[PDB]
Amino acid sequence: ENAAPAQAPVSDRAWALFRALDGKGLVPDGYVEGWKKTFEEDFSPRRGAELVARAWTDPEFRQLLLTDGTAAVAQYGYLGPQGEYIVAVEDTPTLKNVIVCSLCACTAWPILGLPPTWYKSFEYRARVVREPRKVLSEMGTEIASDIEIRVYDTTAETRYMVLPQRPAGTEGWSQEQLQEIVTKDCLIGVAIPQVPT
């Protein structure tokens, strides 16, 4: 009949799992609370934005970020769980990069933040590998015909960030000013940094 299995409320199941483990001494004091804090406060696309703004204003760092992403990220102390081997991929006037995990949700957590619901969606996982131009267009990003789109499928341990092109009209901006226009979606590759009118 293709029907769903009967299930207790998900909150009840999730807390049951916690209580079953915690009741056996298997979860250290403050353990899940500590991870929650890390997930909410430390893992952040602000970190990736900082890296981009530095790369944009420092040719030496840009070169390091593109050749040894891990080393570059380590300078800021931003290595972490699901972000131990980093590769940054460079957008150019003829190339737009986009990241996905078609098999699940793999994402460079420490520098992009945990993946959002849309990135984990079956829609994004199925479609972006095959029709990235249409997907980006629907999301609000038009990529011209003479730009190649390259989709990176995060299938192993490499964790990716996009280094977008620096937009015109940002000449001489400070790192703080540049950081502001580099969003989570810019780092994933579905958005291009926007300069206010």
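Residue numbers run from 1 along the displayed sequence.
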Higher of the two mean Cα B-factors (49-57, 28-36; per PDB record) comes from 28-36
Compare the mean C-alpha B-factor of 142-150 with that of 164-172 as given in the PDB entry, and name the stretch with the higher value.
142-150
For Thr94, the third of its chain by CA B-factor is the highest
Hey, what third does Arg133 fall into on Cα B-factor, ranked over its chain?
middle
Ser44 by Cα B-factor - lowest, middle or highest third of the modelled chain:
middle
Divide the modelled residues of the chain into thirds by Cα B-factor and specify which third, lowest, middle or highest, holds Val195.
highest
Third of the chain, ranked by Cα B-factor, where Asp185 sits
lowest
